[PDB]
Each structure stands twice: as structure tokens, then as C-alpha cells.
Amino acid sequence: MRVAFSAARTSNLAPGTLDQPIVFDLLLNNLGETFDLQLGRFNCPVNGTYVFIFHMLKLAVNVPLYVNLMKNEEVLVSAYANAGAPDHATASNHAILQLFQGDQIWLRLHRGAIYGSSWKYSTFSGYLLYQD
């Protein structure tokens, strides 16, 4: 009945193929124990309205970053970042939606690469707003 997670990447993610899940290595919060770091997946524990937000810093290489917020296998919302130079830029978006118990929410690295360090530029959080 109370759910809130906040996760960060503290090391770089540069997958060898397109459309890979963004796994996280650190949790700033995991109230309700709903977030699986190793899979990078939020497991919905109760039917309700949930809020999600993410900020992904891209690696400082001249290659764009595309990120999707996913519900199961569906793209919900997306973000783009590109510096037009070997520099960082940030891909961010948010969503509010009704979920059912068992729904999985996760972040997909469609294309590009993500910067991770102990300063936690690259973050992903969500919480239960209204139960039902």
C-alpha cells in the first residue's frame, strides 16, 4: 500500500546491441521492495495509479541516446539526447498511469550508451500515487 523506488547507475552501460534493458546497480530507495536491481524491473504489487520519472546521462561520444519507458513489452514514453559532439546530454521523461498487480515497468536503452558514476547522474524512480 506504500511503494517508492529510486535507482541509479554508478557504472557505464554500453550494450552490444540495440534495445537492451537498463539494469541498475544502486538503490536510493526501495520502499515496498518492488524494484529488482539486477533486472532493472519494477514489479507492480497492487493495482493503482503510479508515477515514473527518469534521467539518463549519455556517454560523451558523438552517438545519440534513445531511451524508452516500458510497460511489459510496450513503449509508453520515450526520450532523446544528443550533444552533436563528444559531450554528455540528458534523456529524461515521465509518465503517470494505471497499473495492475504483476505489470512490469522498466527502462530500455534503444540506442546509445549511458554514463554511470558515484555522482549518480543517471536515475530512475517510481511510486504509488493512488491505490486502486
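Heads up: residue numbers just count along the shown sequence, starting at 1.
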item	value
Residue range whose averaged C-alpha B-factor is higher in the record, 29-37 or 48-56	29-37
Higher-scoring stretch by recorded Cα B factor average, 121-129 or 2-10	2-10
Residue with highest C-alpha B-factor in the PDB entry, from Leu107, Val77, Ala83, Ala91	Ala83
Residue selected from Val63, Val67, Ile96, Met70 by maximal Cα B factor	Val63
